[PDB]
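Enquirer: In order, the protein sequences belong to chains K, A, H and L.
The authors' numbering numbers the first residue of the first sequence as 1 and each following residue consecutively.
The authors' numbering numbers the first residue of the second sequence as 5 and each following residue consecutively.
The authors' numbering numbers the first residue of the third sequence as 4 and each following residue consecutively.
The authors' numbering numbers the first residue of the fourth sequence as 2 and each following residue consecutively.
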Amino acid sequence: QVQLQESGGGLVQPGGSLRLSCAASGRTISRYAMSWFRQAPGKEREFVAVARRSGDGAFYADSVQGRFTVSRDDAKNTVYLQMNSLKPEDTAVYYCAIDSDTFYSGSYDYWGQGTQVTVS
Amino acid sequence: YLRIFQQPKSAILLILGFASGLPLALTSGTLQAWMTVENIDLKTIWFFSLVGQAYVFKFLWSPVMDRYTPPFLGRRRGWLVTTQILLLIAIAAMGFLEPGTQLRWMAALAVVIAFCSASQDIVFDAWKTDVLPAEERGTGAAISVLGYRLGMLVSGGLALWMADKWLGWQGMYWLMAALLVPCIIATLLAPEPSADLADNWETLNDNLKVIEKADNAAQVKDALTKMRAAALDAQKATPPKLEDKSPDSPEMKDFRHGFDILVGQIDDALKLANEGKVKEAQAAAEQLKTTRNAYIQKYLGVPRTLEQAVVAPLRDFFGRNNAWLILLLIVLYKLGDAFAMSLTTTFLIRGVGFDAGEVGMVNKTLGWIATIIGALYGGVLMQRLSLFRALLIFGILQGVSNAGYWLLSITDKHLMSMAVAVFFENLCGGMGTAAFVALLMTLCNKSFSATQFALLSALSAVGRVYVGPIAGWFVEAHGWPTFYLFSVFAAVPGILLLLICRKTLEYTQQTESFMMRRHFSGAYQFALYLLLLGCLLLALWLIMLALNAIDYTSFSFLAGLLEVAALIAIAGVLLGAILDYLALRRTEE
Amino acid sequence: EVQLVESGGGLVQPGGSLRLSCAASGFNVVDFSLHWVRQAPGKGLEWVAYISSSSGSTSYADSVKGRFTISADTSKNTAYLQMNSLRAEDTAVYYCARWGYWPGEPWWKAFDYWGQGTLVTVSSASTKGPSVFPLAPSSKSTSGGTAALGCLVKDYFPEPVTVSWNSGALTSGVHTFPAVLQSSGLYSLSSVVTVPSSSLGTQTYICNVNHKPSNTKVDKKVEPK
Amino acid sequence: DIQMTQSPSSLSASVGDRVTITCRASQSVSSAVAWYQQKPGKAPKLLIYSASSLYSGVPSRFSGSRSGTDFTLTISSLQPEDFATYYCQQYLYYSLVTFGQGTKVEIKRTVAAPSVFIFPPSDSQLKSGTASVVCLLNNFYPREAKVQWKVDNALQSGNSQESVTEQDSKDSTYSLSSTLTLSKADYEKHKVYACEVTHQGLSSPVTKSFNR
Ligand SMILES: CC(=O)N[C@H]1[C@H](O[C@H]2[C@H](O[C@H](C)C(=O)O)[C@@H](NC(C)=O)[C@@H]3OC[C@H]2O3)O[C@H](CO)[C@@H](O)[C@@H]1O
């Protein structure tokens, strides 16, 4: 009853901006957590950002302030990962993870295919 | 300059200006439109046309507003909430009212709306005067004027578009009520600087009086708590005659020490009340009565409800040095703008020979946008530059805009030249409007800002009211270009009086206080008596006007009475103004 | 240069009624009215009582009136809060704050100085033999990597107890585990530290337990006997 | 102790973000409202007295303002050490000195992965008849994390007690310790006592296992 939609990725001009959309139909992004994850081909799945209940709070990784920002659209029920001042090495697969529990423990069990951000 | 608008205070000022402006057009202009589509004269009812006088004579309603502090919110905020509630109820009632039966009490309800709207204006002007800091006064006046104009626009110019379409008059009025609702909510969100040493001392005395019943002790503790809070609040306030001595002067040191001793006696009384004690509390309460009969009278140990509730604002305003100079400055500062806007429409129709529809559209759009932009620009210049210099620049620009009108009259007709010239005139009008509202807010003593601001607003409007005929006689006698040249030369005296009272204006700007004239020996009281006689003659002439309107008896001498009253009033005003200039000169040397 | 240290421990009967002494240092007790503020564990502050030693004035909260009695000894510069008929919710940390004279800025500086507070509680705590136990770095656990060393105690009447490894010279990787909830009023803490085990045959394992009230030092060292 | 109902009951603001905490007095208390900052385990510190006033040489980061009976404490440039519980205390009437409600929030920060460690019970703790396994989640943000115990591929519940640390002065850490307290007899019935923790900052749950 819940379907996740993804967009974005592909070849990207370095140093500019991007926006990755991760929508969900049937499950409200509010009251749940929607998160993104960097993954270089040779590195692990580092954290990017997460969106909490409505506009109560938004949290980002240490190396993400200014570079990224999660914009929330209530009409679309989705999470946008805005890109800014990308480094030439930010060519990394971006995956989508959802908190299955409203307690915000951090349970990411619903698999997301993940858009392929490639920089340079 | 986006920072001030980002601040919520600009938003509350805008929304309250909208709240004040909304009932004005609905009370009369939209009502004229509704009666016109009904083809009703809306005359001979004799309940109507009180709606016009309601705004003019709001200074009579003001003393109850500055005197009384509603239990909810504060004095300013509580009166505002009350007035908006009555307006919303009245507009909703008129919307509910069904013309199917008869006209019934449409005119009476319109007069009720006008009274409540003049009331809301009074309270909004007072709240805006107190809440706004001195440097923020100009920009806040600008935002209030912008919201006011927007309210007049929606209630007067969106009304026809909304009524002609499916919405209708009933839904139009209820939607005005709905648009009044967030004004009420934002008034609740509005800040409140209740301040008021007189109000805090009155709370002190009210609770002391409810404490003279100190044998029950089911009320002494709470009332003493209220007394202590009021005394702590009034200690940091400034008393009259000592406002200019703000930075820890010896006089204010004695004031603070008196309130120190007072709050110490409330300490002892509350110590005895917390024990639950009857006998010890009563003995030390008799000792407290002795000490209040010996010590605490020093600063305003008086009740608050007095005829003074209505006399004290006038008494203070007239007691200030350069009071009559400021009176005349308020009357004739916007004299040039009144002259121009009195006959702009007829001049564009006939003098420059435009089509009526062209004039209507160009005025409605360009004049409104230019007044708004001039208001904003004047306000930003006000936060940049002092009050007196900004008023000087804006008055000079008002005069040169009337000179632009003279340019228009001499010059051959062109839509673009008229557009740019009228835009310049309304630009300077908006800047002068913002600076003038800032001056009005500057003059109010805030202790009673409602009554003094209403007096000054009526002062400004009395010029406008008398402007119309003199402009008509001038254009019929000498023509339009000569009329506009005289309009510039009559906008000059406002600038001249500003230059005369620049010392007082700069003093008030820097110290936030006014000198009270010490030069009065015999002549000031004489001029005050002349003014009082003029006001009494005006009231008697109003009684005669009512008698003539009811047509039971009519006496033709009322016109001569009006002229004589005006002569005596202006004689007193000029006498006081000359005395005021002399007092300023004496203070200078 | 002033402080309000609050104490009062001693040989008293449990489940009775105790007075909390608030010693005032650096300022006379009569120059400042002392107010006992109660902070129940898990909720906010609540003014409980006050004494004005200058005039003898005294006041209490509604929930403590008739059961408490706050006094002040100007000779030894200390206040007291004799709490009687203690009840389940009477447990809290009692900060004896000070509050200046009126008139002046001392009054406006309400509670400008507090005290560390005393955790008044109702329980069945007693005194019993302690048992210092060192977490041995077993070879089976986390083989080939970093071992999980530590030391722990069981019970004590005086709450202050400090466990340190290598005399506690490190701040990162060592985590004094706050005492688990033992319903008997006693506290069992299990101090732990995650350090590499590259010095198994050379570094000696010593746990240092420090008891301030008794000035007692306990050493748990792995040495031949 | 009853005020107007507000949707946000606590406060959580980023570092360097100006945030305001407000409380309205029941009646007029004049400018006699003080603001205190109480770090956990420590006495409150008087930040603002007279609801706006402070002396010379005092910290200037904290500011206060009053309008009528409404009092607001604002922090201009929020700092990591600012995170504490803030009480508004009107100090007019002695017998009814009232305070605030409370604010229990960790140091707002960027998301930090939990450094998950496991501490097997002491071999000399077993002699007491009990054996408690500790799973420490050192220096992670946000506070919302969970610790399970997949003991031999069997999640254990109930006996696991958690304790999120507050702002301490010895280590200045923000960690979550979970203690799977079982008897010694229970502790001998299983081999591997692994704790699995899930956090928003972890792509996969972190499992720390040890052998008995
Ligand atoms: C001065 C102010 O802040 N408000 C006044 C407003 O004046 C208006 C005045 O212009 C109008 C069109 C006029 O000429 O009578 C201007 N007041 C001046 C210039 O003092 C300003 O523009 C809109 C509003 O404030 O009048 C209202 C009652 O009608 C009331 O709110 C009040 O009298």
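From the three backbone atoms N, C-alpha and C, an ideal C-beta is built for every residue, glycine too.
Leaving out five residues before and five after A:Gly-383 in sequence, what residues of the same chain have Cβ atoms less than 6 Å from its Cβ?
Expert: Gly-142, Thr-143, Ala-146 and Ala-438
Enquirer: Along the chain, which unbroken stretches of the alpha helix (DSSP H) at least 4 residues long are found entirely within the segment 436-505 of chain A?
Expert: 453-482 and 484-504
Enquirer: Please report how far the alpha carbon of L:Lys-43 lies from the alpha carbon of H:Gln-119, in whole angstroms.
Expert: 6 Å
Enquirer: Smallest Cα separation from H:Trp-168: which of H:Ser-141, H:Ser-186, H:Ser-144 and H:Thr-197?
Expert: H:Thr-197
Enquirer: Determine the contact status of A:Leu-352 and A:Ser-159, defining contact as a CB-CB distance below 8 Å.
Expert: no
Enquirer: Counting only beta-carbon atoms, is H:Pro-106 nearer than 8 Å to chain A?
Expert: yes
Enquirer: When the distance is taken between beta carbons, is L:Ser-31 closer than 8 Å to A:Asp-237?
Expert: yes
Enquirer: Consider the C-beta atom of A:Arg-80 and the heavy atoms of ligand 1; say whether any pair is separated by less than 7 Å.
Expert: No.
Enquirer: Say whether chain L places a C-beta atom closer than 8 Å to the C-beta of K:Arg-27.
Expert: no
Enquirer: What are the start and end residues of each continuous beta strand (DSSP E) run of 3 or more residues lying completely inside the segment 159-186 of chain H, in chain order?
Expert: You should have 165-168.
Enquirer: Nearest chain L C-beta to H:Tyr-98 closer than 8 Å, yes or no?
Expert: yes
Enquirer: Quick check: the Cα distance between L:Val-112 and L:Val-106, rounded to an integer number of angstroms?
Expert: 15 Å
Enquirer: According to DSSP, H:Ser-62 sits in a beta bridge with which residue or residues?
Expert: H:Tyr-53
Enquirer: For ligand 1, is there a heavy atom less than 7 Å away from the beta-carbon of A:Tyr-381?
Expert: In this structure, A:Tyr-381 has its beta carbon at no less than 7 Å from each heavy atom of ligand 1.
Enquirer: So with CB distances below 9 Å, who are the chain A contacts of L:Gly-17?
Expert: Within chain A, no residue comes near L:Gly-17; the closest Cβ sits about 18 Å away, beyond 9 Å.
Enquirer: Of the choices A:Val-496, A:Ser-451, A:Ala-442 and A:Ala-527, whose alpha-carbon is the least far from that of A:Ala-138?
Expert: A:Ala-442
Enquirer: Considering only residues of the segment 329-386 of chain A, which uninterrupted alpha helix (DSSP H) runs meet the minimum length of 4 residues and lie entirely inside it, listed in chain order?
Expert: 339-350 and 360-366
Enquirer: How would you list, in chain order, the residues of chain L whose beta-carbon sits under 9 Å from the beta-carbon of A:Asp-341?
Expert: Proximity of chain L to A:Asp-341 at the Cβ level (cut-off 9 Å) is not reached, the minimal Cβ distance being about 36 Å.
Enquirer: Which whole-angstrom value describes the C-beta separation of A:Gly-433 and A:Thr-375, a residue pair presumed to lie in contact below a C-beta threshold of 8 Å?
Expert: 6 Å
Enquirer: Using a beta-carbon distance cut-off of less than 7 Å, what residues from the segment 237-255 of chain A approach chain L?
Expert: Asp-237 and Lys-240
Enquirer: Could you check how far apart the C-beta atoms of A:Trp-484 and A:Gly-355 are, in whole angstroms? I think they sit under 8 Å.
Expert: About 4 Å separates the two Cβ atoms, so the contact holds.
Enquirer: So with CB distances below 7 Å, who are the chain A contacts of H:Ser-62?
Expert: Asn-278
Enquirer: What are the residues in the segment 130-141 of chain H lying within 8 Å of chain L by C-beta distance?
Expert: Of all residues in the segment 130-141 of chain H, those with a C-beta nearer than 8 Å to a C-beta of chain L are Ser-134, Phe-136, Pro-137, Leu-138, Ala-139 and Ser-141, reading in chain order.
Enquirer: Does DSSP put A:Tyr-528 in a helix, in a strand, or in coil?
Expert: helix
Enquirer: Any C-beta of chain A sitting closer than 8 Å to the C-beta of residue 219 of chain L?
Expert: Past the boundaries of the shown model lies residue 219 of chain L; chain L is included only from 2 to 213, so the question cannot be answered.
Enquirer: Can you give the Cα-Cα distance for A:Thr-31 and A:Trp-50, rounded to whole angstroms?
Expert: 15 Å
Enquirer: Closest by CA to H:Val-123, which one among H:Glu-92, H:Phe-35 and H:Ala-100?
Expert: H:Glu-92
Enquirer: For A:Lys-338, is the beta carbon positioned less than 7 Å from some heavy atom of ligand 1?
Expert: yes
Enquirer: For A:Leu-90, which residues in the same chain have their Cβ closer than 6 Å to its Cβ, ignoring the five residues on either side in sequence?
Expert: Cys-120
Enquirer: Between A:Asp-134 and ligand 1, is there a pair consisting of the residue's CB and a ligand heavy atom that are separated by less than 7 Å?
Expert: no
Enquirer: What span of residues does the alpha helix (DSSP H) with H:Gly-45 cover, start to end?
Expert: It is not in any alpha helix (DSSP H) - H:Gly-45 carries neither H nor E in the DSSP assignment.
Enquirer: Please state whether DSSP places L:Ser-54 in a helix, a strand or coil.
Expert: strand
Enquirer: Taking only beta-carbon positions, decide if L:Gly-69 is within less than 8 Å of chain A.
Expert: Under the 8 Å criterion on CB atoms, L:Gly-69 is classed as interfacial with respect to chain A.
Enquirer: Just to confirm, does A:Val-149 get its C-beta within under 7 Å of one of the non-hydrogen atoms of ligand 1?
Expert: Yes, the Cβ of A:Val-149 comes within 7 Å of a heavy atom of ligand 1.
Enquirer: Does at least one heavy atom of ligand 1 sit under 7 Å from the Cβ of A:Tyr-59?
Expert: yes
Enquirer: In chain order, what residues of the same chain lie with their CB nearer than 6 Å to the CB of A:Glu-206, ignoring the 5 residues before and after it?
Expert: Closer than 6 Å at the Cβ level, and outside the excluded window around A:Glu-206, lie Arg-308.
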